[PDB]
Amino acid sequence: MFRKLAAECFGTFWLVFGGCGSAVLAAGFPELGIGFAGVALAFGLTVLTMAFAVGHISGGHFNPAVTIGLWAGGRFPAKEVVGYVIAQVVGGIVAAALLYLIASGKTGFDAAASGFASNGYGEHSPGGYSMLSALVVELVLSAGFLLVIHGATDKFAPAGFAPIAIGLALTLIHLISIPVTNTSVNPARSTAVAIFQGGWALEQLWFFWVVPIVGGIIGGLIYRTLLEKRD
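Numbering (PDB author numbering), first residue to last: 1 to 231.
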């Protein structure tokens, strides 16, 4: 209840701080760009640690798409919905504020000002990350979270395996998804960037973001319907 809500909120702040810091840091990577590899290694470890730690501390799904899936299944906790909305809104501004602080002349200038969209190569990454490729990847990322959570929510969470399984896969996905398109990490981070970088011209991308979350809902929706069918 209150404890669970507080645990998720606390974890969100920590996750956002680490995500924003790593994101802004990557944007202003050192001239040598050597520290880039060191940061990536630390990020992966942190993600895994947070998943296991944040999991036992909250064990929350921590995802807007997941919350929606439950709603369709006839489950929509008021605390979860309220926390999700607040977390996203607050998390978005909080991340933007932190990023701006660094951009205040310190390495990690805003992508919009640099016109890097994020890090130079994004949804336009010729590495085969075009719209078609991005569409499949976006669905996989959203579906992956729902798939793991959906399953981990069925006597599939022995104790740490659930968070660890996703954590390990999450790091691997980010490791490749990063150099490919420099994917952020979650909707919260994306929202903060969209708030500022999501300029009308760039706002159009908002639709591209909707698909990812929507795609995940469709996958979870089918799973919920099937389960309800068996009853």
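Just so you know, even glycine gets a beta-carbon here, dropped at the ideal spot from N, CA and C.
### Message
Please classify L170 as buried or exposed, where buried requires at least 16 neighbouring CB atoms within 10 angstroms.
### Response
Stepping through the sequence shown from its first residue, residue 170 is reached at position 170. With 16 or more other Cβ atoms within 10 Å, it is buried.
### Query
Can you tell me the Cα-Cα spacing of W200 and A194, whole angstroms?
Counted from its first residue, the sequence shown places residue 200 at position 200. Counted from its first residue, the sequence shown places residue 194 at position 194. Going from the Cα of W200 to the Cα of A194 covers about 10 angstroms.
### Query
Would you call the region 97–117 and the region 10–25 in contact, with 3 or more CB pairs under 8 angstroms?
When Cβ pairs closer than 8 angstroms are counted between the two stretches, the region 97–117 is seen to touch the region 10–25, the count reaching three or more.
#### Entry: As assigned by DSSP and simplified to three states, the class of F36
As a working note, residue 36 is residue 36 in the sequence shown. The DSSP-derived three-state label of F36 is helix.
### Query
With a cut-off of 7 angstroms, does the C-beta of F109 fall near any C-beta of chain C?
No chain C is part of this structure, which consists of one protein chain only.
### Task
Return helix, strand or coil for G105, following the three-state DSSP convention.
For the purposes of this step, residue 105 is taken as residue 105 along the sequence shown, with counting starting at 1. Looking at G105 - three-state DSSP - the assignment turns out to be coil, as it is neither helix nor strand.
### Where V185 falls: helix, strand or coil (DSSP)
Counted from its first residue, the sequence shown places residue 185 at position 185. When secondary structure is reduced to three states using DSSP, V185 falls in the coil class, being assigned neither helix nor strand.
### Query
By how many angstroms is the C-alpha of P158 removed from the C-alpha of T181?
Reading the sequence shown from its first residue, position 181 is the one you call residue 181. Reading the sequence shown from its first residue, position 158 is the one you call residue 158. Across the structure, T181 and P158 are spaced so that their CA atoms are roughly 34 angstroms apart.
### Distance, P30 Cα to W71 Cα
Translated into the one-based positions of the sequence shown, residue 71 becomes position 71. Translated into the one-based positions of the sequence shown, residue 30 becomes position 30. CA-CA distance, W71 to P30, rounds to 45 angstroms.
### Task
Counting only the same chain and skipping the five closest in sequence on each side, list residues whose C-beta sits under 7 angstroms from that of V81.
The sequence position of residue 81 within the sequence shown is 81, counting from 1. Spatial neighbours of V81 in its own chain (CB-CB distance under 7 angstroms, excluding positions within 5 residues in sequence) are listed in chain order as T67.
#### Entry: Sequence-distant residues of its chain with Cβ nearer than 7 angstroms to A7 (five each side left out)
By 1-based counting over the sequence shown, the position of residue 7 is 7. So the list reads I57, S58, once near-sequence residues are dropped.
### Query
Which residues in the same chain as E123 place their Cβ atom closer than 6 angstroms to its Cβ, once the five residues preceding and following it in sequence are excluded?
The residue you call residue 123 lines up with position 123 of the sequence shown. Cβ neighbours of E123 within its own chain (closer than 6 angstroms, five residues either side excluded): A134.
### Task
Look at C20 and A95 and say whether their C-beta atoms are less than 7 angstroms apart.
As a first step, residue 20 must be located in the sequence shown, where it is residue number 20. As a first step, residue 95 must be located in the sequence shown, where it is residue number 95. Cβ atoms of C20 and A95: closer than 7 angstroms.
### Query
Roughly how many whole angstroms lie between the Cα atoms of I166 and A117?
Sequence index remark: in the sequence shown, residue 166 carries index 166 (1-based). Sequence index remark: in the sequence shown, residue 117 carries index 117 (1-based). In this structure, the alpha-carbon of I166 lies about 28 angstroms from that of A117.
### Cβ distance (whole Å) where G44 is taken to contact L147 below 8 angstroms
Locating residue 44 in the sequence shown gives position 44, counting from the first residue. Locating residue 147 in the sequence shown gives position 147, counting from the first residue. So it is not a contact: roughly 21 angstroms between Cβ atoms.
### Query
So is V137 buried or exposed if we call it buried at 16+ other beta carbons inside 10 Å?
Here the question's residue 137 lines up with position 137 in the sequence shown. The Cβ neighbour count for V137, taken over all protein chains shown within 10 Å, is at least 16; the residue is labelled buried.
### Query
Which one of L41, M50, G28 has the shortest CA to CA distance from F17?
Within the sequence shown, numbered from 1, the residue matching residue 17 stands at position 17. It is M50.
#### Entry: Beta-carbon proximity check, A65 vs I213, cutoff 7 angstroms
By one-based count along the sequence shown, residue 65 stands at place 65. By one-based count along the sequence shown, residue 213 stands at place 213. The beta carbons of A65 and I213 sit closer together than 7 angstroms.
### Query
With a Cβ-Cβ cutoff of 7 angstroms, do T183 and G91 count as a contact?
For the purposes of this step, residue 183 is taken as the residue at position 183 of the sequence shown. For the purposes of this step, residue 91 is taken as the residue at position 91 of the sequence shown. No, these two residues do not count as a Cβ contact at 7 angstroms.
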